[PDB]
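In what follows, a single structure is set out as structure tokens and then discussed.
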Amino acid sequence: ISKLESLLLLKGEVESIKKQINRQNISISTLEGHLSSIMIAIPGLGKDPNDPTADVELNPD
Amino acid sequence: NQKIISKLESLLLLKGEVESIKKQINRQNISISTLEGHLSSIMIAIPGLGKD
Amino acid sequence: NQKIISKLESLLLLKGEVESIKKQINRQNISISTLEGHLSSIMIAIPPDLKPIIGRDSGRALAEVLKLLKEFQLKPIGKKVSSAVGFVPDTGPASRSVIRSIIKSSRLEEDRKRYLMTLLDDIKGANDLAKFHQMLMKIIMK
Amino acid sequence: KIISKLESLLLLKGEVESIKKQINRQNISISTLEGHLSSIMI
Amino acid sequence: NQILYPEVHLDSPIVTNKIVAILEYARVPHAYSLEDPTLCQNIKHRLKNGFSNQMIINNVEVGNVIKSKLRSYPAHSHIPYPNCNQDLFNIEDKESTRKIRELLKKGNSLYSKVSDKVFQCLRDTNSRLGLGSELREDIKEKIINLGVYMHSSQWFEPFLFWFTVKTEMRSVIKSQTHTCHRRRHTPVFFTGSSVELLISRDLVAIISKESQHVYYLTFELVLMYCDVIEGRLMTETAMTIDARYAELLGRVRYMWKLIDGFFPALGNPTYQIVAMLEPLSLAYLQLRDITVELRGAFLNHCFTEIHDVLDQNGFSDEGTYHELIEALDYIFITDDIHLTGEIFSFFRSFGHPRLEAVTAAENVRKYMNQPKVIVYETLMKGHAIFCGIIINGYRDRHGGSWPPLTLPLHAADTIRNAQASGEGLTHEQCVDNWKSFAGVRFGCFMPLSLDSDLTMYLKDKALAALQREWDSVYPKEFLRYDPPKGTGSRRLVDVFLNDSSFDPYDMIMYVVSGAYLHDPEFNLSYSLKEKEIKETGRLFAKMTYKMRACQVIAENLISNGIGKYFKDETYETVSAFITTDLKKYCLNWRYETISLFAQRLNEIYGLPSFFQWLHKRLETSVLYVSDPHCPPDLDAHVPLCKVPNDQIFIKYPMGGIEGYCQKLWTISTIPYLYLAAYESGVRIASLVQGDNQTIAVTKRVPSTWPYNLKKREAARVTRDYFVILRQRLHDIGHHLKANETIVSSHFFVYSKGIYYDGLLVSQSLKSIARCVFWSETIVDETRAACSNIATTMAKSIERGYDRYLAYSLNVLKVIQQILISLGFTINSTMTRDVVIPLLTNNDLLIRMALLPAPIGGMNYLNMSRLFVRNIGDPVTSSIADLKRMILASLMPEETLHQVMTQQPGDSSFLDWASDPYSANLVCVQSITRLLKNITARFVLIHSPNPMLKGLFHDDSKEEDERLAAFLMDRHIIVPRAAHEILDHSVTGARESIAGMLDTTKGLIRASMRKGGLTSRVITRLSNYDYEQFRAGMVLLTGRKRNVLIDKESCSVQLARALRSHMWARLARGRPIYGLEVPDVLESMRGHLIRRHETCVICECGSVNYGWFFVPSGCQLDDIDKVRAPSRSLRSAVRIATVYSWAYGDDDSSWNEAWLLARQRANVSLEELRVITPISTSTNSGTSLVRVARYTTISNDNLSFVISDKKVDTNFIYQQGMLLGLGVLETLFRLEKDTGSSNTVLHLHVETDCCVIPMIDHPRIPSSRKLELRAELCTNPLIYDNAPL
Ligand SMILES: [Zn+2]
Ligand SMILES: [Zn+2]
């Protein structure tokens, strides 16, 4: 009765907490996407992250 | 006998504790969202001389 | 029983993860505070009253920010000044000539063209000119 | 029943620790983001 | 130099500083005024110091002579350029033009001798085609008296004067520049009747006796005046003799007379008003629109611009503006549609404006340095649409899959499901969730083509000097200091051919590794462009070797790879058009705008940080505008990093450069068009043609709606779309000027004319203004000149001019050209042995000028060419023409026997197989061609370039001759098959590369100084011209007879008997096979039929014919309503199998077929046999026509198969329908509507006497031992031997 529904209400938190965490994850990822897309073409602002990240090719020599 | 004190006390506290942290996350995430919406409307300025 | 006592005391003392995650969330709050502070400091009222701005380097925006009332943007074209969308007369000397050219290139009668030119040589004023143009449109395309 | 009342009693902590270990990485990620971006205004 | 004549046509810009420098050194007082006095300052300093040389001394002498002569006119006054155009366009003199007047009189008499019979011969073709037994009286009169009109035109005297001056100056230049002779004869004036004239090496002086004006001119001005005047003469003569331009004539005459009057007062700015004549035509065409709100939009801007340019020079009074507007109204306002695209052709008949370098430098510095501000959301939306286009493009060609494709991070569920399931997506999804593409990442899925071709490297360009010698192009005479020497070469082609270590994926590394940002030899410089009608106008730039190579490589990579993905209650669709220009976009681009797409291209191709090199290099260099006569204001050589952002320099630009990266820009523009299309809610279709851009906007509407409402709705939606597109482009930072584009509902302008609502307007009078008295060759060639004349006349015919008048004009021009080349030339080998007998005998000259070219004469225009586009066989067509002339009594009867018993030449199997249709004539080749071939092969043999190794040896000619002999010397000769095989073999590739290499006077002179041409060859090529006249003389004077020839035999049999006699030394009586097809105008009769008659006169039994029918009313002006395994096949195996197909699949010849195929591919016998197809043996479309859109062609009564098999068009079937449509066109040429009744046309054909009882032989067994190269070539560029 009392203890049962108290454990019920103490369990009724974790689901909302997890879904809030996932929403925050998606938002932060959008933020970093914006930052990357700006730093690509502002240009500059880095030590050497500008744009060498493509795999070289099937013709490295 | 022995369960009353501990059970009741540290089951009552967790109530407000978890509800407060839940609302705190729920407001922090919308603050994040407004910051993102702000940054999503921006303007870039281009100079005149390439070297100065 | 003993199991009751043990499995109550265990969690009810290891509770400390709540204050640990509160440490975490206050750190997150203090870290987003400065983020939104920087994003507020980056810009004030501007043609809206808020549109952040950044440049190639830090100090290369002082040529387009004041002419904070940045500059002249694109000029909007409506149905009051002539453009490639449509023609509306005005006070300049080119409007009379283009109206004359329309009358000449029309498909009316010669005496009608003479009549219209005679009306036009003494028609004067922006509003009356626009009215004459609006009437001429109907007359020629009817 | 009253002694077997502990399954969810332990599962709650079992998932709350995961909650902690992901919110920590969220904190460090937003921290490195603000660090990256603070050096762009002036 | 001994075989290189000076130029004959203007190909360079007109610079003020040239004349200013010549006059300043000659010390003649002038009246020019410069924008920068640096040249005058430098020259004054040099003269004060004491400089001198040979040119200075010669100019001092000439100036002293001029000063001495000018003392008899004590009221002289120099008149600058172009303030002297009104006088120099109408100058005339009676004494100095004595020599050429008699030549042209003789030509006119020669023409008038035979004009009558020319008309009589042209009338029978009409009588046969069925257009009536008589031409029109006015046409007969014009054809008979064509000479008198041309001689009575109002440009004859100026043309004579300027031709005399030009040819005399050319003779002086040629005879003097050959410094073997040393003695200089100082020039002296020549007192004429009305003017006084002095000609020197590089300066012409004219004094007017009456008005006492003085003019000084240079070589370029002389050439320009001659060209302009000759064009005006030809055009006016054409418009006068024709009867369709009766109203256009007065308008264009009035335009000439009006605009010519502005020069003496306005001056150089008159060329702005001249340039405004091109858009004014479209502005006046807009007045005939159907949505009344559009009438006047562009005109309101053109008039404002004209008023402003007239106001900024002192003509502020309004009377001038009013009168000019009235004149323009009278000129342009017309009624016919086809007669408003003609004024489009006359805007180059006023000359060209003189220009400097400071103005262009300033005009481009205004744009290269300008701040901008761009939004981010629009950029990202465009990028999203770009990624979507690429996704769909790769989903095709593979089938619903993204195997190597993108890697999203937090995209929407719709996008994730699309990727997971493998289905495309529309613009809507991308533009709605663009935020899902902010962070995407591709993966290398495209290969590199490093042995595609050589055109890109072989095309000739120029290279700028190294940075530490940037001022090495200015001569020592115009500089205040002495510059450093110049070391490097200045030709991409020779630098390439001498580069001993070349590697395609080595320049790529030179860019990727980041070494191009530190090369101390990089340099870029601008240079002026000729033949423009704007002062600022255009320029073109030159770079250094490595950077030029890298640019070429990158642009070719884009054009060959990704650039292919961008291919370009009944409802229906209506459309409207927007027309704009695309220049200055190369100046408005920027790094912040291009990087977002360059990075995707980098990630796709693999090359890290590659496609954004242009801005990364230009943002730190310094450009300048170079010209030898515009020196920089300095005191001593200083590095390019210490000049001010000033007069001719541009320091640290921002934008791009015209020409480079054009593919990247045009594939990065489109997304914004599509974005605006989505935002407005319409469908668009784009097109780009050079600098113009056309956008067609479409919209769905019901069917029974009236035409007016349809067009009005379309126009409304188009105006909305235009507003939105302008607003969008201004965000990324381009400029669609609100009064510089044309929004219409009827027409859009593309390359070849103006398309107006389902019909193209004509531009007939464009090529007549180009048909002139010589042609661009390094020597003077009569045959080249006549061929160019015929070409221009035919091109003018197929755009609306009159056939018979064009033919007669061609005959007259050919006669005059022969006379000029014989009697008035600068050549030095024309001696009394030929020039006296030819100029004495009259009729011989006429016969030589009338005989067709493929059989000896010099006339390059057959009659069938007036109607059809390509004739069957030149030999039989020319024999038919000669027979027609003989019948009409134009030429004597013995000409047939002469031409059929002429003396044969001497050529080999290689020449025959390389030109299959040719007879064995004597000395009919082209000197420039024969020289370019030799010089190209020689310079290619000595080339250590590793890219072409093993491809050129000293035995190549021997192996080619042996291959051709093995191919042809069988018991039955097949020249066409031999030609196809030899073209597809290795020799084909060799000669194709040799011809692709374009060499000119510079490379020819360099190779001759090297010693590539022997004295024997140079003397032969210097004497080549007179040998042709000698051969023509002996041919036309010979006298034999061929008793087996009567002039009523068939042209096919005659051509057979001619070929089997001219090729007698090689054929040895063996039959030549499969070459000739019957002539068009000799095997077709026509007949019109009307209200109640029948085809009586042509219905005596012939019952096979084409059928044409056309009813209408008031119209013609406006309408109111095989494994083939999808691989790299196109490399060489295409050739390797086409050769085998053309060879055949007989019993044992398959061995030799496989041999010659394996020569050029790596395949086995069975693989080749299963990949090649099998065939039957070893082996409509319209033009610019009005009435074609109304006829109903039928050919049910004529599909009769002679040779008895369902084959290819036995007779070339399209020719019948083309001739029928031509007949209908020339019938309905000069009236408005088709009339009351209905006209039907029978076109009967009887090609029975023109049949050959040919036997389809199984195969011709070879009789020779095949012997090719011992080892094969494994060069990947040539057809390799290990691709597969
Ligand atoms: Zn018939
Ligand atoms: Zn025949």
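Chain identifiers are assigned as A, B, and so on, following the order in which chains appear in the structure tokens; residues are numbered from 1 within each chain, and ligands are numbered from 1 in order of appearance.
Inside chain B, the residues DSSP reads as strand (DSSP E) when given the backbone are residues 43, 44, 45 and 46 of chain B.
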Please provide the set of residues having any atom within 9 Å of range 72-75 of chain C, restricted to only C-alpha atoms, with same-chain residues fewer than 5 positions apart removed, written as a JSON list (two decimals) with C-alpha atoms, in the first residue's frame.
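Below is the file that was written, around32.json:
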[["chain", "number", "residue", "atom", "x", "y", "z"],
["C", 67, "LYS", "CA", 28.31, 53.49, -41.97],
["E", 727, "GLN", "CA", 15.85, 38.79, -52.67],
["E", 730, "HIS", "CA", 21.25, 39.29, -52.49],
["E", 731, "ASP", "CA", 21.69, 37.27, -49.28]]
Interface list for chain B, partner chain A, 7 Å threshold, only C-alpha atoms, as a PyMOL selection string | chain B and resi 22+29+33+36
Using only C-alpha atoms, which residues sit within 9 Å of residue 28 in chain B once same-chain residues fewer than 6 positions away are excluded, as a VMD selection string?
-> chain C and resid 25 28 to 29 32
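With a cut-off of 8 Å and using only C-alpha atoms and all ligand atoms, the polymer residues contacting ligand 1 are residues 1087, 1094, 1095, 1096, 1098, 1099, 1102, 1103, 1104, 1105, 1242, 1243 and 1244 of chain E.
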Test item: residues lying within 7 Å of ligand 2 with only C-alpha atoms and all ligand atoms, as a PyMOL selection string = chain E and resi 1050-1052+1078+1082-1083+1247+1249-1250
Close residues, residue 1 in chain D itself excluded, 12 Å, only C-alpha atoms, min 4 positions apart in chain, as a list in words = residues 3 and 4 of chain A; 4 of chain C; 5, 6 and 7 of chain D
Could I get the residues of chain E with an atom no further than 7 Å from an atom of chain A, each paired with its nearest atom pair and that distance in Å to one decimal, using only C-alpha atoms, sorted by chain and residue number, as a Markdown table?
| residue | atom | partner | partner_atom | distance |
| --- | --- | --- | --- | --- |
| E:410 | CA | A:26 | CA | 6.5 |
| E:438 | CA | A:33 | CA | 5.3 |
| E:439 | CA | A:33 | CA | 4.9 |
| E:592 | CA | A:41 | CA | 5.5 |
| E:595 | CA | A:41 | CA | 5.6 |
| E:596 | CA | A:41 | CA | 6.3 |
| E:603 | CA | A:54 | CA | 5.1 |
| E:606 | CA | A:57 | CA | 5.1 |
| E:607 | CA | A:56 | CA | 6.1 |
| E:608 | CA | A:52 | CA | 4.9 |
| E:609 | CA | A:51 | CA | 6.0 |
Considering only C-alpha atoms, return as a count of residues only whatever protein or nucleic-acid residues lie within 9 Å of residue 1038 in chain E, sequence-local ones (same chain, fewer than 6 positions apart) excluded.
-> 3
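Interface residues on chain B toward chain E (cut-off 8 Å, only C-alpha atoms): residues 40, 41, 42, 43, 44, 45, 46, 47, 48, 49, 50 and 51 of chain B.
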Long-range neighbours of range 6-15 of chain B as a PDB file with N, CA, C and O atoms, in the first residue's frame, 12 Å cut-off, only C-alpha atoms, 3 positions minimum in chain:
ATOM      1  N   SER A   2       1.235   1.727   1.198  1.00  0.00           N
ATOM      2  CA  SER A   2       2.060   2.927   1.314  1.00  0.00           C
ATOM      3  C   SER A   2       3.439   2.711   0.702  1.00  0.00           C
ATOM      4  O   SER A   2       3.873   3.474  -0.169  1.00  0.00           O
ATOM      5  N   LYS A   3       4.139   1.664   1.146  1.00  0.00           N
ATOM      6  CA  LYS A   3       5.473   1.384   0.626  1.00  0.00           C
ATOM      7  C   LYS A   3       5.424   1.021  -0.853  1.00  0.00           C
ATOM      8  O   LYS A   3       6.307   1.415  -1.627  1.00  0.00           O
ATOM      9  N   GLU A   5       3.208   2.030  -3.268  1.00  0.00           N
ATOM     10  CA  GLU A   5       3.045   3.195  -4.128  1.00  0.00           C
ATOM     11  C   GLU A   5       4.167   4.211  -3.945  1.00  0.00           C
ATOM     12  O   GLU A   5       4.422   4.997  -4.866  1.00  0.00           O
ATOM     13  N   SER A   6       4.874   4.189  -2.811  1.00  0.00           N
ATOM     14  CA  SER A   6       6.064   5.021  -2.670  1.00  0.00           C
ATOM     15  C   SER A   6       7.180   4.541  -3.592  1.00  0.00           C
ATOM     16  O   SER A   6       7.842   5.351  -4.250  1.00  0.00           O
ATOM     17  N   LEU A   7       7.406   3.225  -3.650  1.00  0.00           N
ATOM     18  CA  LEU A   7       8.342   2.690  -4.636  1.00  0.00           C
ATOM     19  C   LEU A   7       7.860   2.972  -6.055  1.00  0.00           C
ATOM     20  O   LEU A   7       8.670   3.216  -6.955  1.00  0.00           O
ATOM     21  N   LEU A   8       6.541   2.960  -6.269  1.00  0.00           N
ATOM     22  CA  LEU A   8       5.992   3.331  -7.572  1.00  0.00           C
ATOM     23  C   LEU A   8       6.402   4.748  -7.963  1.00  0.00           C
ATOM     24  O   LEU A   8       6.895   4.985  -9.074  1.00  0.00           O
ATOM     25  N   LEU A   9       6.203   5.708  -7.056  1.00  0.00           N
ATOM     26  CA  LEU A   9       6.532   7.096  -7.360  1.00  0.00           C
ATOM     27  C   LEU A   9       8.035   7.344  -7.398  1.00  0.00           C
ATOM     28  O   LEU A   9       8.476   8.288  -8.063  1.00  0.00           O
ATOM     29  N   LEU A  10       8.833   6.524  -6.717  1.00  0.00           N
ATOM     30  CA  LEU A  10      10.281   6.624  -6.830  1.00  0.00           C
ATOM     31  C   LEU A  10      10.814   5.967  -8.095  1.00  0.00           C
ATOM     32  O   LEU A  10      11.933   6.281  -8.515  1.00  0.00           O
ATOM     33  N   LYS A  11      10.043   5.066  -8.701  1.00  0.00           N
ATOM     34  CA  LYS A  11      10.375   4.518 -10.008  1.00  0.00           C
ATOM     35  C   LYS A  11       9.883   5.402 -11.146  1.00  0.00           C
ATOM     36  O   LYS A  11      10.465   5.382 -12.237  1.00  0.00           O
ATOM     37  N   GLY A  12       8.837   6.190 -10.911  1.00  0.00           N
ATOM     38  CA  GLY A  12       8.280   7.040 -11.948  1.00  0.00           C
ATOM     39  C   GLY A  12       9.110   8.253 -12.327  1.00  0.00           C
ATOM     40  O   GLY A  12       8.578   9.224 -12.875  1.00  0.00           O
ATOM     41  N   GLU A  13      10.411   8.220 -12.037  1.00  0.00           N
ATOM     42  CA  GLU A  13      11.316   9.319 -12.359  1.00  0.00           C
ATOM     43  C   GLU A  13      12.265   8.967 -13.502  1.00  0.00           C
ATOM     44  O   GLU A  13      12.480   9.777 -14.415  1.00  0.00           O
TER      45      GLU A  13
ATOM     46  N   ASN B   1       9.829  -0.947  14.153  1.00  0.00           N
ATOM     47  CA  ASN B   1      10.804  -1.075  15.229  1.00  0.00           C
ATOM     48  C   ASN B   1      12.068  -0.297  14.876  1.00  0.00           C
ATOM     49  O   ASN B   1      12.395   0.700  15.519  1.00  0.00           O
ATOM     50  N   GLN B   2      12.778  -0.766  13.850  1.00  0.00           N
ATOM     51  CA  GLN B   2      13.994  -0.114  13.379  1.00  0.00           C
ATOM     52  C   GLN B   2      13.846   0.511  12.001  1.00  0.00           C
ATOM     53  O   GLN B   2      14.614   1.417  11.658  1.00  0.00           O
ATOM     54  N   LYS B   3      12.880   0.049  11.204  1.00  0.00           N
ATOM     55  CA  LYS B   3      12.760   0.511   9.826  1.00  0.00           C
ATOM     56  C   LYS B   3      12.129   1.895   9.737  1.00  0.00           C
ATOM     57  O   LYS B   3      12.336   2.602   8.744  1.00  0.00           O
ATOM     58  N   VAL B  18      14.408  14.261  -6.208  1.00  0.00           N
ATOM     59  CA  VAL B  18      14.279  13.831  -7.595  1.00  0.00           C
ATOM     60  C   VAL B  18      13.376  14.778  -8.373  1.00  0.00           C
ATOM     61  O   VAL B  18      13.643  15.078  -9.544  1.00  0.00           O
ATOM     62  N   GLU B  19      12.314  15.291  -7.746  1.00  0.00           N
ATOM     63  CA  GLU B  19      11.457  16.220  -8.479  1.00  0.00           C
ATOM     64  C   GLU B  19      12.207  17.504  -8.827  1.00  0.00           C
ATOM     65  O   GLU B  19      12.063  18.042  -9.937  1.00  0.00           O
ATOM     66  N   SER B  20      13.052  17.982  -7.907  1.00  0.00           N
ATOM     67  CA  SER B  20      13.817  19.198  -8.150  1.00  0.00           C
ATOM     68  C   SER B  20      14.861  18.985  -9.237  1.00  0.00           C
ATOM     69  O   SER B  20      15.037  19.840 -10.112  1.00  0.00           O
ATOM     70  N   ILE B  21      15.572  17.853  -9.207  1.00  0.00           N
ATOM     71  CA  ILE B  21      16.567  17.644 -10.259  1.00  0.00           C
ATOM     72  C   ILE B  21      15.877  17.464 -11.608  1.00  0.00           C
ATOM     73  O   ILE B  21      16.391  17.913 -12.643  1.00  0.00           O
ATOM     74  N   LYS B  22      14.685  16.856 -11.621  1.00  0.00           N
ATOM     75  CA  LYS B  22      13.942  16.706 -12.867  1.00  0.00           C
ATOM     76  C   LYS B  22      13.575  18.064 -13.452  1.00  0.00           C
ATOM     77  O   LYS B  22      13.825  18.331 -14.634  1.00  0.00           O
TER      78      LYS B  22
ATOM     79  N   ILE C   4      16.493  -7.058   5.641  1.00  0.00           N
ATOM     80  CA  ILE C   4      15.807  -5.767   5.613  1.00  0.00           C
ATOM     81  C   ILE C   4      16.753  -4.658   6.058  1.00  0.00           C
ATOM     82  O   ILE C   4      16.913  -3.637   5.376  1.00  0.00           O
ATOM     83  N   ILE C   5      17.400  -4.851   7.213  1.00  0.00           N
ATOM     84  CA  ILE C   5      18.277  -3.822   7.768  1.00  0.00           C
ATOM     85  C   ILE C   5      19.422  -3.523   6.810  1.00  0.00           C
ATOM     86  O   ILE C   5      19.724  -2.358   6.518  1.00  0.00           O
ATOM     87  N   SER C   6      20.066  -4.575   6.295  1.00  0.00           N
ATOM     88  CA  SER C   6      21.227  -4.392   5.429  1.00  0.00           C
ATOM     89  C   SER C   6      20.850  -3.695   4.125  1.00  0.00           C
ATOM     90  O   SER C   6      21.512  -2.735   3.709  1.00  0.00           O
ATOM     91  N   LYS C   7      19.788  -4.157   3.465  1.00  0.00           N
ATOM     92  CA  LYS C   7      19.416  -3.602   2.171  1.00  0.00           C
ATOM     93  C   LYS C   7      18.608  -2.316   2.286  1.00  0.00           C
ATOM     94  O   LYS C   7      18.273  -1.720   1.257  1.00  0.00           O
ATOM     95  N   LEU C   8      18.287  -1.877   3.501  1.00  0.00           N
ATOM     96  CA  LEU C   8      17.848  -0.503   3.697  1.00  0.00           C
ATOM     97  C   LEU C   8      19.039   0.424   3.934  1.00  0.00           C
ATOM     98  O   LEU C   8      19.155   1.470   3.281  1.00  0.00           O
ATOM     99  N   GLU C   9      19.934   0.039   4.853  1.00  0.00           N
ATOM    100  CA  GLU C   9      21.062   0.898   5.194  1.00  0.00           C
ATOM    101  C   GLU C   9      21.977   1.112   3.996  1.00  0.00           C
ATOM    102  O   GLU C   9      22.498   2.217   3.803  1.00  0.00           O
ATOM    103  N   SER C  10      22.170   0.079   3.168  1.00  0.00           N
ATOM    104  CA  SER C  10      23.065   0.201   2.020  1.00  0.00           C
ATOM    105  C   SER C  10      22.683   1.387   1.145  1.00  0.00           C
ATOM    106  O   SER C  10      23.468   2.325   0.962  1.00  0.00           O
ATOM    107  N   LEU C  11      21.467   1.363   0.600  1.00  0.00           N
ATOM    108  CA  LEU C  11      21.030   2.444  -0.274  1.00  0.00           C
ATOM    109  C   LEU C  11      20.860   3.754   0.483  1.00  0.00           C
ATOM    110  O   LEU C  11      21.207   4.823  -0.041  1.00  0.00           O
ATOM    111  N   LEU C  12      20.359   3.700   1.722  1.00  0.00           N
ATOM    112  CA  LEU C  12      20.057   4.938   2.425  1.00  0.00           C
ATOM    113  C   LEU C  12      21.312   5.616   2.959  1.00  0.00           C
ATOM    114  O   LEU C  12      21.223   6.735   3.474  1.00  0.00           O
ATOM    115  N   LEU C  13      22.475   4.969   2.850  1.00  0.00           N
ATOM    116  CA  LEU C  13      23.740   5.670   3.038  1.00  0.00           C
ATOM    117  C   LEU C  13      24.452   5.982   1.728  1.00  0.00           C
ATOM    118  O   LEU C  13      25.116   7.019   1.635  1.00  0.00           O
ATOM    119  N   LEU C  14      24.338   5.122   0.711  1.00  0.00           N
ATOM    120  CA  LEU C  14      24.966   5.393  -0.579  1.00  0.00           C
ATOM    121  C   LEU C  14      24.166   6.372  -1.434  1.00  0.00           C
ATOM    122  O   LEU C  14      24.504   6.573  -2.606  1.00  0.00           O
ATOM    123  N   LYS C  15      23.107   6.955  -0.871  1.00  0.00           N
ATOM    124  CA  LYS C  15      22.337   8.034  -1.487  1.00  0.00           C
ATOM    125  C   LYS C  15      23.174   9.139  -2.141  1.00  0.00           C
ATOM    126  O   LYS C  15      22.698   9.801  -3.068  1.00  0.00           O
ATOM    127  N   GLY C  16      24.414   9.347  -1.691  1.00  0.00           N
ATOM    128  CA  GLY C  16      25.235  10.475  -2.116  1.00  0.00           C
ATOM    129  C   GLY C  16      25.322  10.785  -3.604  1.00  0.00           C
ATOM    130  O   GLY C  16      25.761  11.876  -4.004  1.00  0.00           O
ATOM    131  N   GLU C  17      24.919   9.832  -4.446  1.00  0.00           N
ATOM    132  CA  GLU C  17      24.919  10.107  -5.876  1.00  0.00           C
ATOM    133  C   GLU C  17      23.972  11.244  -6.248  1.00  0.00           C
ATOM    134  O   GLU C  17      24.177  11.884  -7.286  1.00  0.00           O
ATOM    135  N   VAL C  18      22.975  11.546  -5.413  1.00  0.00           N
ATOM    136  CA  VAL C  18      22.099  12.679  -5.701  1.00  0.00           C
ATOM    137  C   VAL C  18      22.871  13.995  -5.604  1.00  0.00           C
ATOM    138  O   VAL C  18      22.802  14.837  -6.507  1.00  0.00           O
ATOM    139  N   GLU C  19      23.641  14.186  -4.527  1.00  0.00           N
ATOM    140  CA  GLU C  19      24.414  15.419  -4.423  1.00  0.00           C
ATOM    141  C   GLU C  19      25.532  15.450  -5.455  1.00  0.00           C
ATOM    142  O   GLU C  19      25.912  16.530  -5.927  1.00  0.00           O
TER     143      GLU C  19
ATOM    144  N   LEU D   9      14.034  -1.880  -5.903  1.00  0.00           N
ATOM    145  CA  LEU D   9      14.849  -1.133  -4.952  1.00  0.00           C
ATOM    146  C   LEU D   9      16.314  -1.095  -5.373  1.00  0.00           C
ATOM    147  O   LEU D   9      16.985  -0.070  -5.197  1.00  0.00           O
TER     148      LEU D   9
END
Select residues of chain C: the criterion is any atom within 7 Å of an atom of chain B, counting only C-alpha atoms; output as a ChimeraX atom specification.
-> /C:12,36,51-56,60-61
Put those residues in a file: N, CA and C atoms, as a CSV table (one decimal), in the first residue's frame.
chain,number,residue,atom,x,y,z
C,12,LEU,N,20.4,3.7,1.7
C,12,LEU,CA,20.1,4.9,2.4
C,12,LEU,C,21.3,5.6,3.0
C,36,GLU,N,25.8,31.7,-23.1
C,36,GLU,CA,24.7,32.7,-23.4
C,36,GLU,C,25.2,34.1,-23.2
C,51,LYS,N,20.8,40.5,-34.0
C,51,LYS,CA,21.3,39.6,-35.0
C,51,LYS,C,22.8,39.5,-34.9
C,52,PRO,N,23.3,38.4,-34.2
C,52,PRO,CA,24.7,38.2,-34.0
C,52,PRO,C,25.5,38.3,-35.3
C,53,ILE,N,26.8,38.6,-35.1
C,53,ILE,CA,27.7,38.8,-36.2
C,53,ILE,C,29.1,38.4,-35.8
C,54,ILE,N,29.8,37.9,-36.8
C,54,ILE,CA,31.2,37.5,-36.7
C,54,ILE,C,32.0,37.8,-38.0
C,55,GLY,N,33.3,37.8,-37.9
C,55,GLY,CA,34.1,38.2,-39.0
C,55,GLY,C,35.2,37.2,-39.2
C,56,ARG,N,35.9,37.3,-40.4
C,56,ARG,CA,37.1,36.4,-40.7
C,56,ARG,C,38.1,36.4,-39.6
C,60,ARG,N,37.8,42.9,-38.0
C,60,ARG,CA,37.7,43.2,-39.5
C,60,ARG,C,36.2,43.5,-39.8
C,61,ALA,N,35.5,44.0,-38.8
C,61,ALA,CA,34.1,44.4,-39.0
C,61,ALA,C,33.8,45.9,-39.0
Select residues of chain E: the criterion is any atom within 7 Å of an atom of chain C, counting only C-alpha atoms; output as a ChimeraX atom specification.
-> /E:287,292-294,296-300,303-304,333,719,738-739,741-743
